[PDB]
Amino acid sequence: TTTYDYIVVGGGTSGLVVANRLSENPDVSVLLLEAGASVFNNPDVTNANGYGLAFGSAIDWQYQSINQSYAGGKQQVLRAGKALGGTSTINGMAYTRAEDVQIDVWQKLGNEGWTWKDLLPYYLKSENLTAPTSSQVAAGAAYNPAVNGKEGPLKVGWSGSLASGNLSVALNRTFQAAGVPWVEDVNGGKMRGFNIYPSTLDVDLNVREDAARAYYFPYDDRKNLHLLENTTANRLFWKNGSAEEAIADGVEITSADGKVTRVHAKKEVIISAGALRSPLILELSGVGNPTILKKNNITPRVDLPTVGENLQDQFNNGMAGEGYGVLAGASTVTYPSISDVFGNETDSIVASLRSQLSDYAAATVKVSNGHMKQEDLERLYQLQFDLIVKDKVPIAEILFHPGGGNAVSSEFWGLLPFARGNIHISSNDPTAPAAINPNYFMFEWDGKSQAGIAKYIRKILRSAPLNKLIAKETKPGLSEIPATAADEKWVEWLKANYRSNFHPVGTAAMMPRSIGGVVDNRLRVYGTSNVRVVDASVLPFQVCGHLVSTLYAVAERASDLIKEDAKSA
């Protein structure tokens, strides 16, 4: 009565895709476990313009970092969705993907089958894009039909409120004058440019298109698909027998009524609890660094000491200006390259970074207490360097939107910092807060690039034709950071005012085991027969764009791999 073919732990962005796809086989039973509950009628969620409203609420996990020792010692809140739909219920709504070559790097790493060419069909499979209205088109909204799906569960489209306005027209021209092309679609593998981005929006209903509205609710009539909400997965438990290779028997759970029980999986357990939880579940299950497991009175079952290591996140800053009059128009995204941002200074910046890569790798070794090797980190960082410098992938995202009245707001983040951190359990109590350490600002590039982006935005606000609309910069403003200001004043300000960008990846990274990978190219946890991780944990490097599009695609592909593996096994 407690047995299912598959258990999916976490009914979030990724997990709901897997549960959907596996349950396409009517003879396969799937159990979803989700710690939160439906947010179908939570207005903080449904509101197409409600991003931010849910922060601090019962549907925000509000995870907490440790003191960030490279950024002045301040701890950072790391937000995440506690809801059916996971973090797709509380996030921003921009639908953007990744650079083609940066997905190709996954296969170069040694992960067979993971290239842009191989992933593109799964982006398409996930997506149902609604074409823009005539008025949205006049404002700049466009897409390439060849790279957008029309049949998938995730509705994508442009806001009902999208209109031409002085701001969006001026930003297009001003970015073009800075040498950044207007591009019609950032989602065909080439992201560099200025774009009127689409969103995860159901335009028929004008509501947020979260992962549950996409992949769960229209399918919840399936009798082979089962959901336990308000149910916390504590750890996996294992079949007992001298298979040295570990076989999961099921998942231990705590219900809302406080009952603590087991559910069993006949085939596989799929862990989709997010990059800040999936590794904890592995550790609590005895899969991880034996030093940490033993310290916390957990019997080691698989010696896999990079569980929770290789955490990579971005950090987010904001600037603002004031118009002479009211500012209006479509929200915009710009993805500039290193040379777009740095102009005549690019060669200097590249030379400096080049000269630092080995030092960054050496410095990263201690983060994992020696469980990644310098030589291997150096090769990883060389891949990332080549993406930035040789392929000229975007190094920044810059968002602009009207800020109400005469205000214009920009938020921005460096896309590819080199800092790595980690996350680990603090006890064997599943409710105890983890030790989460992204190491924001660890390396010079990370802060120098952020500063370069900020200076670039300062310049944009003062450039034509935008400067005809914008009276002045209000944040930071010239009093706080004078026009004559050096790189370092900007870095200090950015450190004082940043937040997490809430894009953590890599804590159960898909890489060869021999360079510290946690899952193989089919997302199977090393040393296990039948456990996978399918969520942001597995991304081995950061990507340029907004994570959900890529996680949907990765989970779509994973689902096919799981089905293939069942047929022979």
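One rule holds for the numbers: they count along the sequence shown, beginning at 1.
In this entry, the higher average B-factor at the C-alpha atoms falls on 253 to 261, of the pair 105 to 113 and 253 to 261.
For the pair 536 to 544 and 24 to 32, the mean B factor over Cα atoms is greater in 24 to 32. Across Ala246, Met319, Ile423, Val491, the greatest Cα temperature factor reported in the deposited entry is at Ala246. Of all the options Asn91, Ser463, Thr364, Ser358, the entry's greatest CA B-factor is assigned to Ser463.
For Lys239, the recorded CA temperature factor ranks within the highest third of the chain's modelled residues. The entry lists a Cα temperature factor for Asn42 that places it in the middle third of the chain's modelled residues. Annotation for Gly81: CA B-factor lies in the lowest third of the chain's modelled residues. Per the PDB record, residue ranking by Cα B-factor puts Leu53 in the highest third of the chain.
Remark: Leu469 belongs to the highest third of its chain, ranked by C-alpha B-factor as recorded.
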